[PDB]
Participant: 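Got a structure for you, questions after.
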Amino acid sequence: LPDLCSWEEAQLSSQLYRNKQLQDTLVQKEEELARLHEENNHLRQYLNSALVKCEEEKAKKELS
Amino acid sequence: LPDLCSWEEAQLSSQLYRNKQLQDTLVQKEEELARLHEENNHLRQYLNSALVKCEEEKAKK
């Protein structure tokens, strides 16, 4: 029992360490995701806004 | 001692399960990031192309 207990405790420490590393990576990923979602959406909006104005201009020009 | 051992065993089990969950979440997050990076690049490419064409249309005379 005491040799098993010491082995189990070491495995637990190693597991908690690996999980902490995963957890930290996951925080970094979530914020990278949030950044990209916001940038993609804004870029999308900007493109749509500019392209629409280009077409509005052609419409009112090409009427006479 | 015997109380600590059972607590540590139960924690090994919970933490193995936690590891799996974190691993599963991470593969899903990486897939999502890979797609958003692809989209971001395409959006920047499209933007560049639209700036050029916007500019060339200002061949205004």
Side-chain angles (χ1 to χ4, degrees):
Chain A
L1 209 63
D3 63 316
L4 169 62
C5 291
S6 74
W7 179 87
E8 287 182 342
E9 190 171 272
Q11 300 293 311
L12 180 51
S13 296
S14 184
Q15 186 69 76
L16 288 162
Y17 181 74
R18 287 189 308 270
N19 287 353
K20 180 202 185 278
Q21 297 300 122
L22 285 180
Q23 196 80 73
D24 292 342
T25 301
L26 186 46
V27 165
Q28 181 257 302
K29 297 308 180 175
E30 287 284 20
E31 68 183 81
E32 188 177 346
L33 281 165
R35 226 233 336 119
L36 271 177
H37 274 300
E38 181 145 26
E39 188 188 330
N40 285 5
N41 299 328
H42 288 310
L43 246 186
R44 202 169 284 137
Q45 287 180 317
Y46 160 50
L47 281 170
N48 294 350
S49 176
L51 291 166
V52 162
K53 296 189 184 74
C54 286
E55 295 289 333
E56 271 153 348
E57 287 308 318
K58 287 199 285 185
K60 80 129 174 285
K61 161 154 280 158
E62 210 191 333
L63 95 83
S64 76
Chain B
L1 201 45
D3 184 24
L4 184 52
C5 168
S6 6
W7 181 85
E8 288 187 351
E9 284 179 344
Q11 292 297 131
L12 260 169
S13 224
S14 310
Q15 297 301 320
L16 188 71
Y17 178 51
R18 169 156 178 252
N19 187 259
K20 181 188 181 293
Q21 290 185 307
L22 289 173
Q23 288 275 57
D24 291 352
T25 299
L26 213 57
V27 313
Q28 182 260 298
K29 299 295 171 173
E30 293 280 26
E31 273 162 10
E32 185 172 2
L33 277 165
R35 285 194 297 275
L36 289 173
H37 278 290
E38 180 181 12
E39 181 68 4
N40 188 262
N41 194 30
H42 289 316
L43 283 166
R44 290 169 175 260
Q45 282 160 24
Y46 184 48
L47 176 59
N48 280 323
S49 154
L51 291 165
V52 165
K53 297 179 89 173
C54 160
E55 200 57 59
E56 291 167 2
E57 290 290 288
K58 296 176 199 174
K60 73 199 190 300
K61 307 292 123 61

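First the proteins, then the strands, lettered A, B, ... as listed; each starts at 1.
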Participant: Is the shortest side-chain heavy-atom distance between B:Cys5 and A:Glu8 below 4.5 Å?
Facilitator: yes
Participant: Hey, could you give me the CD/OG distance between B:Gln11 and A:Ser13, rounded to the nearest 0.5 Å?
Facilitator: 11.5 Å
Participant: Atom CG of residue position B:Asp3 - does it have more than 12 heavy atoms of other residues, nucleotides or ligands inside 6.0 Å?
Facilitator: no
Participant: Out of B:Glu30, B:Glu32, B:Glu31, which one pairs with A:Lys29 under the salt bridge (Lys or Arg N to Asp or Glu O under 4.0 Å) rule?
Facilitator: B:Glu30
Participant: If I take atom CD from residue B:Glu57 and atom NZ from residue A:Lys58, how far apart are they, to the nearest 0.5 angstrom?
Facilitator: 6.0 Å
Participant: Quick check: is A:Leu26 connected to B:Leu33 through a chain of hydrophobic side chains (ILVMFWY, heavy atoms under 4.5 Å apart)?
Facilitator: no
Participant: By a 4.5 Å heavy-atom criterion (distance strictly below it), what part of A:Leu51 contacts chain B: side chain, backbone, both, or neither?
Facilitator: side chain
Participant: Say whether A:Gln15 and B:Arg18, considering side chains only, have a donor N or O and an acceptor N or O under 3.5 Å apart.
Facilitator: no
Participant: Considering residues, nucleotides and ligands other than A:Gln28, do more than 12 of their heavy atoms fall under 6.0 Å from its CD?
Facilitator: yes
Participant: With a 4.5 Å cut-off on heavy-atom pairs, point out which of A:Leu22, A:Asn19, A:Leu12, A:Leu4 contacts chain B the most.
Facilitator: A:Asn19
Participant: Checking an interface table here. Which of residues 35-44 of chain B come within a heavy-atom distance under 4.5 Å of chain A?
Facilitator: B:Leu36, B:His37, B:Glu39, B:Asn40, B:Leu43, B:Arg44
Participant: Tell me, for B:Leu16 versus chain A, whether the close heavy atoms (under 4.5 Å) come from the side chain, the backbone, both or neither.
Facilitator: both
Participant: By a 4.5 Å heavy-atom criterion (distance strictly below it), what part of A:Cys54 contacts chain B: side chain, backbone, both, or neither?
Facilitator: neither
